[PDB]
Amino acid sequence: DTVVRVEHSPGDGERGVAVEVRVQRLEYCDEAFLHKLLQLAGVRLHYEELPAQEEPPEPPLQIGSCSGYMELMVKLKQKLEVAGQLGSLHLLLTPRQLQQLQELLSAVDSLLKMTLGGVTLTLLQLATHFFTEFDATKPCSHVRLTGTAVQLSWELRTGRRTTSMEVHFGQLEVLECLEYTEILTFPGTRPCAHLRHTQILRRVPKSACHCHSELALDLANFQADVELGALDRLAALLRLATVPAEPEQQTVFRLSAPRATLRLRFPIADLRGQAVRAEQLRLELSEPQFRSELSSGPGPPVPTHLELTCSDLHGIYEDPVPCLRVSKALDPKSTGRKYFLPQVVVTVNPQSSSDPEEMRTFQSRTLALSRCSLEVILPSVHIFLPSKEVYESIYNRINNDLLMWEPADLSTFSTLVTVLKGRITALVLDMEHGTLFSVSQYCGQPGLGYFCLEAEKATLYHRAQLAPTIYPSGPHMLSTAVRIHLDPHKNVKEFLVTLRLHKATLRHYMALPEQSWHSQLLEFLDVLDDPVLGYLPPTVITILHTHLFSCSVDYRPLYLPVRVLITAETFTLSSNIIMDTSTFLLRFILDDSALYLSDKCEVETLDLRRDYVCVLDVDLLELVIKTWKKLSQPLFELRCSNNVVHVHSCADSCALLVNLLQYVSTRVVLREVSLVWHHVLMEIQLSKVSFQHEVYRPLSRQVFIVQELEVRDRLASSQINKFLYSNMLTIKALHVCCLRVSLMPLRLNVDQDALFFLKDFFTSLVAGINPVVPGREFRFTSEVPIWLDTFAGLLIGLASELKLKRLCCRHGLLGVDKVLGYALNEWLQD
């Protein structure tokens, strides 16, 4: 006989649920291990007892009929362990507050249990009827905790019920609303899916329902989370109940394993193809990781962390193929035995809450303000799959799909990178101690940010083969601490690039043409391709303030240079004006450069000092060019307003320099030509030689216009004594073909050492400079009543005494016939 001897009984009927242990649609055939074989099928959490006065007009849909036989009914009163044929029921009503409070009130011993089949719970916050049917066996809105072969051991240590539960299987949680866009966890075997301590809801652990649920699931096997549409669709469903559509606990969620297959996809949600960010990103078979720490209340007053660790995880990222394929970090650092590893940290702060030192502190302050985040510490990863492209793929993905991923959480965020060794695979990575930075909306105002970069590298290494191996020589290298203060209203790209290449050698011109430089400018050149949403590409405009401090250049290759050494100190290309335009003001304010020449023109050159004797040093050269491609309308007005050019030399030195130069449109300089101290010492000056070539005179006036051409000295004499060719000595004032002279009171005072000592200097020149080829009407006057004291022999013998030629329209010269025109007629005086 089917003795029905059970019904609703006295119990703590919760606000949201009615405590009524009903055995419905079951033949309760009851026929200190006291067993009464029964059928408790039909226990129903119809619930809805609080709303609308029990909501009698609309009973809740969540209800269970035939929810497990539980026939065995093992053990009796005394650790009341029960071996059952019923797994559990599902309170489809809110599993955050109402169900938690009901459970806490009901619990208010160390009983165990052993269920059969792991009911498919569907707590959403007739699906709960499906959960009850699965208890009989035991697109979206399909949250399911169904261990097919339930190994649940309900520890249920009620002694404030400090409960516990260890299982050997796992659920499959498509967590979605109340396109396969939710997680698809498939942990299944005990280590393979070691589900542990799922719920507490007890005031003993925490003091929602004071869980303190340390669900520190420690599995060690595949447990593949095959698909994960978003991280954010995870914070909302955890803080709020749920706000998706068709489209005082401290949850410490720990997870450590050697192997757990996984997929990570970014969060790009409408509320706050697929998501743009990091297309096809997989941390495949990496360490389990993805350990979280959350809270029931929205807008967590305490911050939310999300850590990660991996030794050499083979995470195929953005896969074609990974841009970085292994953490590959064998980087011992400390005095003790250490093995550095990677990590991807996240630190979210509630919305509306409350350069070694400049770049660090600025982005530390930017990290103290969080509306999103991202962080990496890669010791020696530097990795890239054999199929990878830093030049192209990294640009196409990790720069476009980087910040346009709906950055907001409860868009002031931060970003850091840190590498002790780097490899830019395809090529001179040279990377040691480098970083990358990014900010958005500094201090809250859009348009303010701090982009930075640091490293310490070897300057120039070539590619396909062999490295150039430059930099054989406490600011760091490539300290590209650019500044951006763009305006959304203007909607234009502004850059304040405070570049600093300290003591580098930034040359890439390997072959005779700029071949490896061509490679560098075909790889590196890409101006922030930004087709992402919310950024229609702003028109590019650049304003550089670069500082190539101490960027020595001594290996500039050509057909046959001779170990050429040019030791610049400061190359301050402070282009305060926009470069990408017709006009470009470029104040090259250099500081005391120099030059040194090697042994012999044929490429091989050795000497005692490769930092050899000085040849042509400059005190300062403020070449403030304003190229119009001083109000000079003419195109390319290279007004190199140079300050001065000191030159020191010996006959061999300048001869070798001339061999080096031989073998290897207004231009108004007003530039002092030489305070030349030029073994011999013989001062020569040429002050304010305004060689404004092509200034006008109609075609290349090219006026020497030499304001002073005093040949200070020659021969062995270094002291100034007035030799000649305010003064305005336009010796070469030209046209299209003319010449002149300044009529100085005394021009040729030749009585010092040997007037033919410069002749033997010319002989030593032709001995050094092996090839010496040059061995309207002009009116090429000498135009000076010469106060004199072989022409040199007669000058020496005589040492007023001569007269000016006044060769009006003589045209005796023809570029090679100057001597012929000088030989016209005869003259002598005194």
# chains A, B, ... in the order shown; residues from 1 in each chain; ligands from 1
>>> closest_atom_pairs(of="range 116-202 of chain A", to="range 215-228 of chain A", cutoff="9 Å", atoms="only C-alpha atoms", output="Markdown table")
| residue | atom | partner | partner_atom | distance |
| --- | --- | --- | --- | --- |
| A:170 | CA | A:223 | CA | 8.6 |
| A:180 | CA | A:227 | CA | 7.7 |
| A:181 | CA | A:228 | CA | 6.7 |
| A:182 | CA | A:228 | CA | 5.5 |
| A:183 | CA | A:228 | CA | 4.2 |
| A:184 | CA | A:227 | CA | 5.3 |
| A:185 | CA | A:225 | CA | 4.2 |
| A:186 | CA | A:224 | CA | 5.6 |
| A:187 | CA | A:223 | CA | 4.0 |
| A:188 | CA | A:223 | CA | 6.3 |
| A:189 | CA | A:223 | CA | 8.4 |
| A:190 | CA | A:219 | CA | 8.2 |
| A:191 | CA | A:219 | CA | 5.0 |
| A:192 | CA | A:221 | CA | 4.6 |
| A:193 | CA | A:219 | CA | 5.7 |
| A:194 | CA | A:219 | CA | 5.0 |
| A:195 | CA | A:217 | CA | 5.5 |
| A:196 | CA | A:217 | CA | 5.4 |
| A:197 | CA | A:215 | CA | 5.2 |
| A:198 | CA | A:215 | CA | 5.7 |
| A:199 | CA | A:215 | CA | 7.8 |
>>> select_by_dssp(residues="range 397-635 of chain A", states="strand (DSSP E or B)", output="PyMOL selection string")
chain A and resi 416+419+422+431+434-437+448-450+453-455+477+483-485+492+496-497+500+539+544+547-549+553+565-566+570-571+573-574+583-589+593+596+614+616-618+622-628
>>> residues_around(residues="range 333-335 of chain A", least_positions_apart="4", cutoff="10 Å", atoms="only C-alpha atoms", output="NGL selection string")
:A and (339-340 or 379)
>>> write_last_selection(atoms="N, CA and C atoms", output="mmCIF file, in the first residue's frame")
data_model
loop_
_atom_site.group_PDB
_atom_site.id
_atom_site.type_symbol
_atom_site.label_atom_id
_atom_site.label_comp_id
_atom_site.auth_asym_id
_atom_site.auth_seq_id
_atom_site.Cartn_x
_atom_site.Cartn_y
_atom_site.Cartn_z
ATOM 1 N N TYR A 339 63.287 32.082 -9.353
ATOM 2 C CA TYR A 339 62.945 31.903 -10.757
ATOM 3 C C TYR A 339 61.780 32.817 -11.103
ATOM 4 N N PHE A 340 62.089 33.930 -11.761
ATOM 5 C CA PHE A 340 61.077 34.913 -12.109
ATOM 6 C C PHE A 340 60.103 34.347 -13.140
ATOM 7 N N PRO A 379 59.621 38.907 -17.079
ATOM 8 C CA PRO A 379 61.055 39.030 -16.781
ATOM 9 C C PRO A 379 61.918 38.872 -18.017
#
>>> residues_around(residues="residue 782 in chain A", least_positions_apart="2", cutoff="10 Å", atoms="only C-alpha atoms", output="list in words")
residues 725, 731, 739, 740, 741, 742, 743, 779, 780, 784, 785, 786, 803, 804, 805, 806 and 807 of chain A
>>> closest_residue(among="A:96, A:274, A:314, A:568", to="residue 249 in chain A", atoms="only C-alpha atoms")
A:96
>>> select_by_dssp(residues="range 103-227 of chain A", states="alpha helix (DSSP H)", output="ChimeraX atom specification")
/A:103-107,127-137
>>> residues_around(residues="residue 247 in chain A", least_positions_apart="5", cutoff="10 Å", atoms="only C-alpha atoms", output="compact mmCIF listing (two decimals) with N, CA, C and O atoms, in the first residue's frame")
# COMPACT_ATOMS: atom_id res chain seq x y z
N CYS A 140 21.01 31.36 -23.48
CA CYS A 140 21.32 32.26 -22.38
C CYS A 140 20.39 31.92 -21.22
O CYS A 140 19.47 31.12 -21.36
N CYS A 177 21.88 36.18 -19.04
CA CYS A 177 20.79 37.06 -18.65
C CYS A 177 19.80 36.35 -17.72
O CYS A 177 19.86 35.14 -17.51
N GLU A 179 24.60 33.79 -28.55
CA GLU A 179 25.76 33.92 -29.41
C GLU A 179 26.99 33.25 -28.79
O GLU A 179 28.12 33.59 -29.13
N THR A 181 28.04 33.63 -25.89
CA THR A 181 28.73 34.79 -25.33
C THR A 181 28.98 34.69 -23.83
O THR A 181 29.32 35.70 -23.21
N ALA A 269 31.32 45.32 -23.60
CA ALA A 269 29.89 45.19 -23.41
C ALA A 269 29.19 46.51 -23.70
O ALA A 269 29.74 47.59 -23.47
N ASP A 270 27.96 46.41 -24.21
CA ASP A 270 27.18 47.60 -24.53
C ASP A 270 26.89 48.42 -23.28
O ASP A 270 26.95 49.66 -23.31
>>> closest_residue(among="A:532, A:7, A:515, A:625", to="residue 576 in chain A", atoms="only C-alpha atoms")
A:625
>>> residues_around(residues="residue 511 in chain A", least_positions_apart="5", cutoff="10 Å", atoms="only C-alpha atoms", output="MDAnalysis selection string")
chainID A and resid 516:517 556:559
>>> write_last_selection(atoms="N, CA, C and O atoms", output="PDB file, in the first residue's frame")
ATOM      1  N   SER A 516      69.546  49.222 -44.941  1.00  0.00           N
ATOM      2  CA  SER A 516      68.967  48.809 -43.667  1.00  0.00           C
ATOM      3  C   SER A 516      68.193  49.952 -43.024  1.00  0.00           C
ATOM      4  O   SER A 516      67.259  49.711 -42.253  1.00  0.00           O
ATOM      5  N   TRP A 517      68.544  51.200 -43.352  1.00  0.00           N
ATOM      6  CA  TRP A 517      67.705  52.332 -42.972  1.00  0.00           C
ATOM      7  C   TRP A 517      66.351  52.270 -43.668  1.00  0.00           C
ATOM      8  O   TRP A 517      65.323  52.608 -43.072  1.00  0.00           O
ATOM      9  N   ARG A 556      79.337  55.946 -39.939  1.00  0.00           N
ATOM     10  CA  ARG A 556      78.467  56.220 -41.080  1.00  0.00           C
ATOM     11  C   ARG A 556      79.059  55.595 -42.335  1.00  0.00           C
ATOM     12  O   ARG A 556      80.074  56.090 -42.844  1.00  0.00           O
ATOM     13  N   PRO A 557      78.464  54.533 -42.877  1.00  0.00           N
ATOM     14  CA  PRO A 557      79.087  53.815 -43.993  1.00  0.00           C
ATOM     15  C   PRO A 557      78.880  54.477 -45.345  1.00  0.00           C
ATOM     16  O   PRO A 557      77.845  55.083 -45.632  1.00  0.00           O
ATOM     17  N   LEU A 558      79.896  54.337 -46.186  1.00  0.00           N
ATOM     18  CA  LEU A 558      79.891  54.838 -47.553  1.00  0.00           C
ATOM     19  C   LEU A 558      80.724  53.877 -48.396  1.00  0.00           C
ATOM     20  O   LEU A 558      81.058  52.775 -47.946  1.00  0.00           O
ATOM     21  N   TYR A 559      81.053  54.284 -49.625  1.00  0.00           N
ATOM     22  CA  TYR A 559      81.835  53.424 -50.510  1.00  0.00           C
ATOM     23  C   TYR A 559      83.217  53.137 -49.931  1.00  0.00           C
ATOM     24  O   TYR A 559      83.693  51.995 -49.960  1.00  0.00           O
TER      25      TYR A 559
END
>>> residues_around(residues="residue 662 in chain A", least_positions_apart="5", cutoff="12 Å", atoms="only C-alpha atoms", output="list in words")
residues 560, 561, 601, 655, 656, 657, 768, 769, 770, 771, 772 and 773 of chain A
>>> write_last_selection(atoms="C-alpha atoms", output="compact mmCIF listing (two decimals), in the first residue's frame")
# COMPACT_ATOMS: atom_id res chain seq x y z
CA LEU A 560 85.21 54.03 -48.84
CA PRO A 561 85.26 56.18 -45.67
CA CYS A 601 91.55 57.07 -46.93
CA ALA A 655 95.78 67.33 -47.13
CA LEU A 656 94.33 64.05 -45.83
CA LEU A 657 91.03 65.79 -45.06
CA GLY A 768 98.96 64.61 -49.54
CA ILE A 769 96.19 65.51 -51.96
CA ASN A 770 97.53 63.28 -54.72
CA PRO A 771 95.15 64.64 -57.40
CA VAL A 772 95.57 68.43 -57.72
CA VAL A 773 93.96 69.47 -61.01
>>> closest_residue(among="A:272, A:324, A:413, A:453", to="residue 386 in chain A", atoms="only C-alpha atoms")
A:324
>>> atom_distance(atom1="CA of residue 3 in chain A", atom2="CA of residue 39 in chain A")
10.9 Å
>>> closest_residue(among="A:59, A:373, A:262, A:323", to="residue 304 in chain A", atoms="only C-alpha atoms")
A:373
>>> atom_distance(atom1="CA of residue 426 in chain A", atom2="CA of residue 388 in chain A")
6.5 Å
>>> decode(residues="range 26-117 of chain A", atoms="C-alpha atoms", output="mmCIF file, in the first residue's frame")
data_model
loop_
_atom_site.group_PDB
_atom_site.id
_atom_site.type_symbol
_atom_site.label_atom_id
_atom_site.label_comp_id
_atom_site.auth_asym_id
_atom_site.auth_seq_id
_atom_site.Cartn_x
_atom_site.Cartn_y
_atom_site.Cartn_z
ATOM 1 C CA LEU A 26 5.430 9.864 -4.741
ATOM 2 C CA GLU A 27 4.330 6.501 -3.332
ATOM 3 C CA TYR A 28 5.856 6.916 0.129
ATOM 4 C CA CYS A 29 6.222 3.162 0.568
ATOM 5 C CA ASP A 30 7.800 2.839 4.012
ATOM 6 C CA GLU A 31 8.222 -0.884 4.640
ATOM 7 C CA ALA A 32 21.347 3.114 14.620
ATOM 8 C CA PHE A 33 21.090 2.347 10.890
ATOM 9 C CA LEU A 34 17.300 2.714 10.793
ATOM 10 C CA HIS A 35 16.172 2.671 7.154
ATOM 11 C CA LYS A 36 12.628 3.515 6.064
ATOM 12 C CA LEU A 37 12.703 3.099 2.284
ATOM 13 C CA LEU A 38 10.765 6.070 0.941
ATOM 14 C CA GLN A 39 10.275 8.533 -1.925
ATOM 15 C CA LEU A 40 10.832 12.170 -0.939
ATOM 16 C CA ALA A 41 10.316 13.170 -4.580
ATOM 17 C CA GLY A 42 8.369 16.387 -5.010
ATOM 18 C CA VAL A 43 9.973 18.729 -2.485
ATOM 19 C CA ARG A 44 9.174 22.095 -4.047
ATOM 20 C CA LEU A 45 10.615 25.555 -3.414
ATOM 21 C CA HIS A 46 7.608 27.299 -4.934
ATOM 22 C CA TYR A 47 8.785 30.309 -2.892
ATOM 23 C CA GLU A 48 7.571 33.880 -3.698
ATOM 24 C CA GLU A 49 6.174 34.032 -0.149
ATOM 25 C CA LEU A 50 7.199 37.653 0.460
ATOM 26 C CA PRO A 51 6.196 39.477 -2.761
ATOM 27 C CA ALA A 52 2.628 40.750 -3.166
ATOM 28 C CA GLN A 53 1.617 38.931 0.034
ATOM 29 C CA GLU A 54 2.862 35.492 -1.139
ATOM 30 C CA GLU A 55 2.051 36.546 -4.747
ATOM 31 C CA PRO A 56 -1.011 34.268 -4.609
ATOM 32 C CA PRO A 57 -2.175 35.703 -7.943
ATOM 33 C CA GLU A 58 1.074 34.529 -9.590
ATOM 34 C CA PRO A 59 2.860 31.588 -7.920
ATOM 35 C CA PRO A 60 6.532 31.540 -8.936
ATOM 36 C CA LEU A 61 7.503 29.384 -11.902
ATOM 37 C CA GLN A 62 10.427 27.839 -10.017
ATOM 38 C CA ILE A 63 8.914 24.657 -8.576
ATOM 39 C CA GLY A 64 10.021 21.053 -8.295
ATOM 40 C CA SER A 65 8.007 17.855 -8.702
ATOM 41 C CA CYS A 66 9.526 14.371 -8.439
ATOM 42 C CA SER A 67 12.841 15.835 -7.238
ATOM 43 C CA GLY A 68 14.620 12.607 -6.458
ATOM 44 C CA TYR A 69 13.611 9.309 -4.911
ATOM 45 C CA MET A 70 16.139 9.473 -2.033
ATOM 46 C CA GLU A 71 14.777 6.006 -1.280
ATOM 47 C CA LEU A 72 17.694 4.518 0.674
ATOM 48 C CA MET A 73 17.423 7.050 3.537
ATOM 49 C CA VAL A 74 20.676 5.862 5.076
ATOM 50 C CA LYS A 75 21.338 6.132 8.824
ATOM 51 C CA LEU A 76 19.211 7.794 11.512
ATOM 52 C CA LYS A 77 19.461 10.093 14.518
ATOM 53 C CA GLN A 78 22.382 9.800 16.925
ATOM 54 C CA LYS A 79 27.186 12.497 11.296
ATOM 55 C CA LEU A 80 23.787 11.525 9.876
ATOM 56 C CA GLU A 81 25.283 10.513 6.541
ATOM 57 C CA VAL A 82 22.703 9.666 3.878
ATOM 58 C CA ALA A 83 23.273 7.729 0.667
ATOM 59 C CA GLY A 84 20.555 9.087 -1.575
ATOM 60 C CA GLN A 85 18.961 9.003 -4.989
ATOM 61 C CA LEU A 86 18.240 12.752 -4.873
ATOM 62 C CA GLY A 87 20.947 15.333 -5.472
ATOM 63 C CA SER A 88 19.487 18.748 -4.602
ATOM 64 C CA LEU A 89 16.946 21.392 -5.570
ATOM 65 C CA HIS A 90 17.524 24.781 -7.230
ATOM 66 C CA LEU A 91 16.151 28.051 -5.854
ATOM 67 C CA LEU A 92 15.776 29.878 -9.170
ATOM 68 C CA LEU A 93 14.865 32.951 -7.118
ATOM 69 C CA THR A 94 17.793 35.270 -6.462
ATOM 70 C CA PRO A 95 20.753 33.137 -5.311
ATOM 71 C CA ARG A 96 22.516 36.222 -3.909
ATOM 72 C CA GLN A 97 20.180 37.534 -1.188
ATOM 73 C CA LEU A 98 16.828 35.741 -0.819
ATOM 74 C CA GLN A 99 18.047 32.152 -1.203
ATOM 75 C CA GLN A 100 21.160 32.915 0.854
ATOM 76 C CA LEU A 101 19.065 34.367 3.689
ATOM 77 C CA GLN A 102 16.682 31.403 3.539
ATOM 78 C CA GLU A 103 19.611 28.984 3.789
ATOM 79 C CA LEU A 104 21.183 30.936 6.659
ATOM 80 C CA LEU A 105 17.903 31.040 8.593
ATOM 81 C CA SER A 106 17.267 27.327 8.016
ATOM 82 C CA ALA A 107 20.785 26.297 9.067
ATOM 83 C CA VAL A 108 20.944 28.673 12.066
ATOM 84 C CA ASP A 109 26.579 18.626 13.732
ATOM 85 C CA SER A 110 28.791 17.136 11.015
ATOM 86 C CA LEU A 111 26.284 15.341 8.790
ATOM 87 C CA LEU A 112 27.610 13.938 5.517
ATOM 88 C CA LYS A 113 25.844 12.828 2.335
ATOM 89 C CA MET A 114 26.458 11.008 -0.946
ATOM 90 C CA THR A 115 24.183 11.994 -3.840
ATOM 91 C CA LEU A 116 23.987 10.301 -7.237
ATOM 92 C CA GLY A 117 23.894 12.483 -10.340
#
